[PDB]
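Form deposited in one PDB entry, single chain, as structure tokens, below.
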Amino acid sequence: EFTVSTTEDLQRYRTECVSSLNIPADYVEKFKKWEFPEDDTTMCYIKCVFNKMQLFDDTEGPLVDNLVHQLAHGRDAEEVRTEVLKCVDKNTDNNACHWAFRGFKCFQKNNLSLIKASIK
């Protein structure tokens, strides 16, 4: 049921989320440059994209098995899973947007290369 996301999948999901959340043009400009402001508009966008990629569920949180499928082929699944699990936490402030974004920010600090490589 999980399918890995390609570059085109991700571009479609970006477009869909910009549409459905009515993301302002200024934010889109920033997302294109990999700039993600610390605000609800951005956080809900990332949640939206992750929902569509089947990498995050609003109730269960990060979908670790799916993240490993997305990121790890050709690499050491154990290493990747370990790095993912370091960024997996509880929904302590009962906010799926905050939750999804926190995990993204955690992971991309040290694993940006792995993220970019996953999108072929």
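Note that residue numbering begins at 1 and tracks the sequence as displayed. Heads up, when I say rigid core I mean the largest set of C-alphas that superpose within 1.5 Å between the two forms.
The same protein also exists as the form deposited in another entry; that form is not shown, yet it is the one meant from here on.
- Relative to the superposed rigid core, the position of the CA of residue 33 differs between the shown form and the other one by 2 Å or more.
- After superposition on the rigid core, displacement of the C-alpha of residue 21 between the shown form and the other one stays below 2 Å.
- The pair residue 112 and residue 64 approaches in that other deposited form: their C-alpha atoms are at least 3 Å nearer to each other than in the form depicted.
- In that other deposited form, the CA atoms of residue 86 and residue 115 sit farther apart than in the displayed form, by at least 3 angstroms.
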